[PDB]
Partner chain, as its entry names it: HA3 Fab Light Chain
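Single chain ahead, written as structure tokens, the form solved without its partner chain.
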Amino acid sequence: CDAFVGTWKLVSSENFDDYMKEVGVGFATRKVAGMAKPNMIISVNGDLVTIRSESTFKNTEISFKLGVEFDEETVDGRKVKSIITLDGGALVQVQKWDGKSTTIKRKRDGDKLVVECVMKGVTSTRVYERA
């Protein structure tokens, strides 16, 4: 997960609003949340990985052990159970809440960090470049 370490900047987003809507995010949040060009800061300390997202709207931060389920309060306000594992070079995150589930995969693609989100078939792709 050292290949993910660093600060990243959003450079392109595709279908993110559709994803949020499939997730159930409210109109206001979707608008403000989508307005953003958040920075993602990933760091590793021992077996604890931290993924931070910063923007003018809201900052988020989760610290976890890969493979151990934990509580996460998403940027849109959901309180979910997340599990993040390292598979094939990608960080695969699954969030579960109110009987629903969504997958967020973070992978390295060339010199970029690509975030793919999936909810009920609706998928969004966000590309980040080193800040």
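Numbering follows the first chain given and starts at 1.
The following text describes the form deposited with its partner chain bound, which does not appear among the structures shown.
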ask   = Going by a heavy atom distance of 4.5 Å, is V25 a contact of its partner chain in the deposited complex?
value = yes
task = Indicate whether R30 is a 4.5 Å heavy atom neighbour of its partner chain in the deposited complex.
result = yes
ask   = Wondering, does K100 line up within 4.5 Å of its partner chain in the deposited complex on heavy atoms?
value = yes
